[PDB]
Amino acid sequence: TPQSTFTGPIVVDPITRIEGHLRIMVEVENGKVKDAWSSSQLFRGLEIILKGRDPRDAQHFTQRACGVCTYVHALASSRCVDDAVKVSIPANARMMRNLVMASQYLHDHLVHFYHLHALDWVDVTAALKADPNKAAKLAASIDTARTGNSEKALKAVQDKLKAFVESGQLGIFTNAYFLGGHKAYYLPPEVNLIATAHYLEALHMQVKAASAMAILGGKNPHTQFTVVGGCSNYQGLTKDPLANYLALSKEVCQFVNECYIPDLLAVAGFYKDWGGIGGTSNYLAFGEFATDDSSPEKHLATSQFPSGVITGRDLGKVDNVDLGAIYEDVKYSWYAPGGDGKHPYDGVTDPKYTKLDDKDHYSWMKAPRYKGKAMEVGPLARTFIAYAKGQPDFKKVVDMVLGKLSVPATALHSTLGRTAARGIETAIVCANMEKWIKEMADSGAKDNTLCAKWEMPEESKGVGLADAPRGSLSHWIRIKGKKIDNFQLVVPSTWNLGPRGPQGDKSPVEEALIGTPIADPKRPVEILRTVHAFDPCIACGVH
C-alpha cells in the first residue's frame, strides 16, 4: 500500500543483515521498482585455490566458503569426493550427516528470521509504546501459552530496551529505517514488543541449537567430523551424547513452535500485501534427508525433502533434475569473456574485474541457468516441489498456513511466501528430529560402523548434491593424477542472487525486485524485505 512517487535510482550498499557483501541497484518509476541489479562485491578464489590439491583436503577449504551455512559445504564436498572415489558411505554416516544438516536448518532459519529479517517488519522503538499487560493478552491469544510471553516478561524486555535507548548509544539500531516512524511498518506496538522479546530469546536459543549440532559435528561454527567414506565421530553414535542431542534439539523445537511460527504467522497477517510482491516462476531442488545417499541419483530420488524443477509456476508438472542441464554463464559477471555456458564439470574461474556499476559486468557471482532459465532455489522451491508431490508433512503445514492466513497458495509465489516457507520447513525438520535420532541411536548401538574403506583413483569425477538452508548446492570434481584438476561449486545464493545470464535474463532476486513499492526512497525497507526473504549469502555465492 504505502508508495512514493519517486522516480530515479536507489542503491543500497551495503545490504546489511545478510551474509557477505552485496550492492543492490534499482531504477524506480513512481515509487515502484522497474529494473534491478544484484552486484556481489567480494571475490576470494576457493575454486582456484583448490586446483592441484589433495581431494581429501577439499571439504576443509570449501567449508570456508561460508561460516553461516557451516558444514553444508564440507558435506557437499564429502559427497562429491565419495562420488569421484566411488565409496558408499555406511548407514550411520548417512544418518549422522543428515542429522547435522537438520541441526543446521534449525539454527540457520531461527537466526535468519529474528536477527536478519525481522528488523524489516518490526519497529523495535514502537515496542517502547506498547503496554505489557495488553501485549501479554495478545500473546496469550495468538501464541502457545508461555511463561516467556507474560506481562512481567514483556515488561522487563521493554524496560531493558527503554534504558538502552535512553542511553543514547543505540548501537545496531543506529539509523534504523524505523526510527521516527516509517509508513512501511504496520505492526501494532504490542506485536513489536512480543517480537522483540523473542528476538532476544532467539539469541540464546541459537546458542543452544549450535550446541546440539556440535555434539555430532565436533563443533560449531565449522564442523570437524566428516571424512571421505563417512564420518569419524564414533561417540556421536552413543547413548549419552545422543540423549543430550535429543534434549537440546527438543528445546530448540519448543521455541520454533511457541515463538518462531506464531510470530511468522503474526507478521504475515498484518502484511498480507506482501503475498503479492516479489514472486518468481521457476524452482529447483536437489532434495535433502535422503534414505539412500549412495549416489546423486539415489539422493535425488530418495530425499524425504524431494527433488524437482517447477517451471512457469506449473505445480502440476514437477520435472526431474537433469544434472547435465545445469550450467553457468559469466557475461554480466566479473570474469573473462568466452566462459558463458559452462557445465560445472567444465567450469572456468577467470576473474576479470571492470568497474563499479558497469551494467555489462556487475557481479563476482556467475549466473547459473538450468535449461536456459533462472531458477529460484531454497525453502519456497522445496515447499512447492514437496507439496506438489504430496509430501504429507508439507501438505499439513502448508495448508495450516494457507488456512490461518486465508490466502490461496498461488500467494506463496512472493516475498511473503518465501519467508513463510522457511518457517514451514523449520516446523517440519523439528517434526522429524525424534524419529531420525532414534534410528541412529538404535543403529549405532547395534553396530557402530561410521567410515567405509575406499581408494584414490588416478582419474575420476564426481558431484556432491545437497539442499542446504538456502537451496540447491552442488560440488563438482575432476580428479586427475590423484589430485584436483577442477573443483567447482554452484551454490544456492548463486542461483538466486547471481546477475543476468548471457540472454540478458534477470536472476530470481533481480526479477523479484521489479514491482517493489518504495514508500520512502530515503529509507527503502521494501528493497531489503525482498532481498532478505531470499536469505542472501554472498560468500557462499561467490566463493
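When you see a residue number, it is the position in the sequence shown, counting from 1.
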{"query": "Between the two ranges 78-86 and 156-164, the one averaging a larger CA B factor in the entry", "finding": "156-164"}
{"query": "Higher-scoring stretch by recorded Cα B factor average, 472-480 or 487-495", "finding": "472-480"}
{"query": "Among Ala285, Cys231, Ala411, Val111 - the residue whose C-alpha B-factor is largest in the record", "finding": "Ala411"}
{"query": "From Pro344, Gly148, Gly462, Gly236, residue of greatest CA B-factor", "finding": "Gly148"}
{"query": "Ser333, C-alpha B-factor rank within chain (lowest, middle or highest third)", "finding": "middle"}
{"query": "Within-chain third of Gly171 by Cα B-factor, per the entry", "finding": "middle"}
{"query": "B-factor third for the C-alpha atom of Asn30 within its chain", "finding": "highest"}
{"query": "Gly504 CA temperature factor, ranked by third within the chain", "finding": "lowest"}
{"query": "Chain-wide C-alpha B factor ranking for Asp293, given as lowest, middle or highest third", "finding": "highest"}
